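Below you will find one chain, with nothing else, as structure tokens; this is the form deposited in one PDB entry, and questions on how it binds or moves follow later.
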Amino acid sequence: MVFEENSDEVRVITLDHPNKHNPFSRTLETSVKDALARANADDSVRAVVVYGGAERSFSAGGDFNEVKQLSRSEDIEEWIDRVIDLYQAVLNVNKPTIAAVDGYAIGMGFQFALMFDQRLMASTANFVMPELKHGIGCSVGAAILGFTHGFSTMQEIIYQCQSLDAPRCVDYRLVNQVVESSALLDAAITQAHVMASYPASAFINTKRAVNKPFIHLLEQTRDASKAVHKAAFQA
């Protein structure tokens, strides 16, 4: 469920769920994790771009088919582990990582995007974190967003549950760039070439230092979040 192509030293991973909105099914997680592993392990690769695809959403979050079909505690507990593992998978890529966002980045897709070093979105795209509106728990989201963007910003976002257009994302500093849908991928690749040109020894050790507290946060959130979602999933 992911294409892997190359713009020279740049590896481009394109999400390809049967569904245009690239929902994170368990199969898609797997592919995305595996592609990231290969990219990180491959010396020909010096930078990575993850992309929803032309006329496709970055990801509309997890698979509503998994989520709505969750009752057992065993089942929910392990689902949270999966989710974090995915986010960690991105954070542990020792090379530069760009997220090219078009369409919708919702809930899990929003969060997934926040794991990247940089984010460019289309002028026509949207971010959303509408969990509580819908009756889903959002401790993991709160945790991430609080860490990346501050307490009061996070509060606003998760409690308002609004559809964030580009102007709004810029205002929140959720993205580094806004371009036309047609221009988006090339723009992302360029950013990747730029960061790829920074000496590797320097960039890897710095990125590691930078992402350590983030990883550590996510690990701490693991247990407590299993608690809210176990309790929430009974309606």
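So that the term is clear: the rigid core is the largest set of C-alpha atoms that superpose within 1.5 Å between two forms. All residue numbers are counted from 1 along the displayed sequence. Shifts are known only where both forms have a C-alpha.
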Next item on the list: Would you determine, from the values in the PDB entry, which of 72-80 and 86-94 has the greater average C-alpha temperature factor?
Entry: 72-80
Margin query: Tell me which stretch has the larger mean Cα B-factor in this entry, 44-52 or 63-71.
Written below: 63-71
Next item on the list: Place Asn19 in the lowest, middle or highest third of its chain's C-alpha B-factors, as listed in the PDB entry.
Entry: highest
Note to self: Which third, lowest, middle or highest, does the C-alpha temperature factor of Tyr198 belong to within its own chain?
What the structure shows: highest
Notebook entry, point to check: According to the PDB entry, is the CA B factor of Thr124 in the bottom, middle or top third of its chain, that is, lowest, middle or highest?
Noted result: highest
Item checked: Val32 - which third its CA temperature factor falls in, relative to the rest of the chain -> middle
Next item on the list: Classify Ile13 as lowest, middle or highest third according to the C-alpha B-factor given in the PDB entry, relative to its own chain.
Entry: middle
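Keep in mind that the form deposited in another entry is not shown, yet the notes after this line are about it.
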Item checked: Residue from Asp42, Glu180, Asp186, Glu66 whose Cα, after superposing the rigid core, lies 2 Å or more away between this form and the one not shown -> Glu66
Note to self: So that I can tell if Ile215 moves, could you say whether its C-alpha shifts by at least 2 Å between this form and the one not shown after the core superposition?
What the structure shows: no
Note to self: At a change of 3 Å or more, would you call the C-alpha separation of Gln160 and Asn65 in the other form closer or farther than in the form supplied?
What the structure shows: closer
Next item on the list: Once you account for a change of 3 Å or more, let me know if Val228 and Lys133 sit closer or farther in the other form, using their C-alpha atoms.
Entry: farther
Notebook entry, point to check: Once the rigid core is lined up, which stretches of 3 or more residues in a row have C-alphas that move 2 Å or more between this form and the one not shown?
Noted result: 63-69, 227-235
